[PDB]
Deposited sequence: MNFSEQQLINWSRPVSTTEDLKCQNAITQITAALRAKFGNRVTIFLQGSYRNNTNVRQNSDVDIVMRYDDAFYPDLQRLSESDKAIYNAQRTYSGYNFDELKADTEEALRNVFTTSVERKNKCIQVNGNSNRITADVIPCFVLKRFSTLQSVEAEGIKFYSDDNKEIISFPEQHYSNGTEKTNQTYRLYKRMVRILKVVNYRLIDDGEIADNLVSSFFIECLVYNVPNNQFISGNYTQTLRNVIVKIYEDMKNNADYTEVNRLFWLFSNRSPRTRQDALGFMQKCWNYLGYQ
């Protein structure tokens, strides 16, 4: 239903860290957090701006604030950390600050994008897949869930795969994110059937030899068919971080979710 050129267009990043409104958000929010926490935190990005997978204009940026003085000192429970983070932001951004289940949101304006600020601590956890202790981040949601993430390993492994696949790994992720948003807008799937993270992990497990240089239409066909068949075949997919399984008992998302999503994409694209 869509031409090769249309797929190419959909595969391009829309919002990036080069955007003035993104730079403005990061600069302003960083200053507000440093005013309270100084060097006791590491500030970095995760999510679509970090991995370069944005497909929507003026997308929100995920700014991680890792309180890590104990692990990275200068050469306290989470409830207090999140409250102190909300206070630091409210002192500067006042009515634009909204506490959320998993972050503090700083709503944007004409000159800056909206940001999700994610206070967190250092996390260390053993990976049986790689038989090593892995370092990531941990935080707690307002509904009492322990949220664990490995953004550095996610970033590095995804970058490596796109570098090995003629840059098509992330281009295919972006295409599927576009299709996801369209299916949601059309009311064809629930807005939480999949997530950007889930899509990124699914495509990551498609072997590199399925990505065909200069052929977006056939590469995308290969990607959808491979994930679809793998889901029917009970495949053991890894997260992009390669430290844990995608379909582990910690995750409520299922192979059936991925199978249904692939089917909806296939039908929408008209293969």
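Missing C-alpha coordinates mark the following deposited-sequence intervals, in order: 1, 77-95, 292.
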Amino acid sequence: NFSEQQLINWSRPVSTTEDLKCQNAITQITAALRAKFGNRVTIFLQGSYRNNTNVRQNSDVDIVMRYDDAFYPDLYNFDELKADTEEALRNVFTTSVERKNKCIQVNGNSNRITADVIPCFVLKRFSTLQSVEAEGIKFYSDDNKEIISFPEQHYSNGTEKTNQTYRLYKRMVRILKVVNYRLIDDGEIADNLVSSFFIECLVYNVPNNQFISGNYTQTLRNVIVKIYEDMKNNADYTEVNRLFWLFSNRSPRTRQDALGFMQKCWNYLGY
From here on, numbers count along this sequence of modelled residues.
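When the C-alpha B-factors of 219-227 and 44-52 are averaged, 44-52 comes out higher. The question of which stretch, 1-9 or 260-268, has the higher mean Cα B factor is settled in favour of 1-9.
Taking the deposited Cα B-factors for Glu200, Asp191, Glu152, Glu86, the highest one is held by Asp191. Per the deposited coordinates, the residue with the largest Cα temperature factor out of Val106, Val178, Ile148, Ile118 is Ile148.
Annotation for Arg171: C-alpha temperature factor in the lowest third relative to the rest of the modelled chain, per the entry.
For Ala70, the recorded CA B-factor ranks within the highest third of the chain. Only modelled residues enter the ranking. Among all modelled residues in its chain, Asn58 ranks in the highest third by Cα B-factor.
Annotation for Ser213: C-alpha temperature factor in the highest third relative to the rest of the modelled chain, per the entry. Per the deposited record, the Cα B-factor of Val92 falls in the middle third when ranked against the other modelled residues of its chain.
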